[PDB]
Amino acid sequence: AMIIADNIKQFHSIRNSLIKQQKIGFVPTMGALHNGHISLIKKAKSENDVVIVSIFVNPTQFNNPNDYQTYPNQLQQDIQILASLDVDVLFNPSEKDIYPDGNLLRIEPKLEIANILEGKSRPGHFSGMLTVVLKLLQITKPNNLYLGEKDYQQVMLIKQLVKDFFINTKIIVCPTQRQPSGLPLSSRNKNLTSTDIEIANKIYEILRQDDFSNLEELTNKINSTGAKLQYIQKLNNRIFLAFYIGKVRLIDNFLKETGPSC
């Protein structure tokens, strides 16, 4: 029963056939679905008459070509998961569907939250993300949008986006799903080798032991595991960090008081 729309034309037809009365929920993703994504879909199914999920590996938000080339890809498994969850529509457009004439008009964020942390570490990422989310919102026109708290800055930027361009959509932020160790679920973690996972687990044991009073020292404890910390910052009541293990880039954020708790 799941409808799979491989292109915009088909999708428009599908979208135009829904009555205003139906609550429409939307979950944007770049595929390679895990329990994090699934938690978002489950929330949206509990609150909407119609749930749409997108799968689109957005080229304009990849500041790193290798990251892009190696981004995990398993459409058939993804479809199987979405059908299992009774998702109503899968929108899985091509690049040319979303950027008919290339990336000519971009949303450019000019504010502090864009300039720090992920913004600083991934130049041009937030522009690409904001531009594709705006286009995906204009296409799907949902009542409700589901986002993970893991991408904390992304959440706050999309909130600003929906506010500034008068998009009549409610935003629902969902807690970060984690492994028992505390490591957040992430599609890139599929790229982690055997030993890398143990390293990731080392790090989260360190994080669950730490009071975050000495970031230089914690940085040193994290770097000794073999990982390479990119940044760690205490921002109000929340810790933000990002690091590499081998070629894999992992990010996280959590309440200082809780740690990456279960």
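The first residue of the shown sequence is 1; numbering continues from there.
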| property | result |
| --- | --- |
| Stretch with the greater mean C-alpha B-factor as recorded in the entry, comparing 170-178 against 187-195 | 187-195 |
| 125-133 versus 112-120 - greater average Cα B-factor per the deposited record | 112-120 |
| Of the residues 236, 35, 29, 58, the one carrying the largest Cα B-factor as recorded | 236 |
| Largest Cα B-factor, entry values, listed residues 46, 39, 209, 54 | 209 |
| Relative C-alpha B-factor of residue 24, binned into the chain's lowest, middle or highest third | lowest |
| Where the record places residue 14 (Cα B-factor, split into thirds across the chain) | highest |
| Residue 143 - which third its CA temperature factor falls in, relative to the rest of the chain | middle |
| Record-listed C-alpha B factor of residue 245: chain third | highest |
| Residue 154, C-alpha B-factor rank within chain (lowest, middle or highest third) | lowest |
